[PDB]
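Only one chain comes next, encoded as structure tokens, the form solved without the DNA.
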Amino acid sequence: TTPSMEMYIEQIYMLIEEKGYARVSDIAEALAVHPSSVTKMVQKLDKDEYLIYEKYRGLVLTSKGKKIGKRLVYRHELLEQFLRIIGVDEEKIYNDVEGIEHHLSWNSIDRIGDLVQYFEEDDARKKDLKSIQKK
């Protein structure tokens, strides 16, 4: 895959999960791009077997597409949770996540998950961390 392919797979997965389908116009709306650009990427994703077109349902993810898709959403949400946990201003988070999500190895994602769990199981840790920043 590529960062762009992942940006699209993530968005398509989100729409199907939210609406039950992923229309070109909806994808174009979420990414602020022309539908023709969407169709070009969809053709590529079809060629690479991440999805297929079904007569009425339209765009449908293959098993490969759904598995990766769910993990891309996982990554995005974990990174948002990570930044939120360490005190980053809410207004900054989405921009930072989108800027780094496609450039962080899964090993790093794995370790970040352990870091988030670390603070999740004991608020005294979040308190000690917070005492460092305001200081």
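Residues carry their position along the shown sequence, with the first being 1.
This protein has a second form, the form deposited with the DNA bound, left out of what is shown; the following refers to that one.
A.B. asks: Taking 4.5 Å between heavy atoms as the contact cutoff, choose which of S36, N95, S63, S108 touches the DNA in the deposited bound form.
C.D. replies: So the residue touching the DNA in the deposited bound form, by this definition, is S36.
A.B. asks: Please determine whether each residue of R23, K40 and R57 possesses a non-hydrogen atom within 4.5 angstroms of the DNA in the deposited bound form.
C.D. replies: Judged in the deposited bound form, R23, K40 and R57 all sit within 4.5 Å of the DNA.
A.B. asks: So if I measure heavy atom distances to the DNA in the deposited bound form, which of the stretches 100-108, 66-74, 87-95, 25-33 falls within 4.5 Å?
C.D. replies: Looking at the partner contacts, the answer comes out as 25-33.
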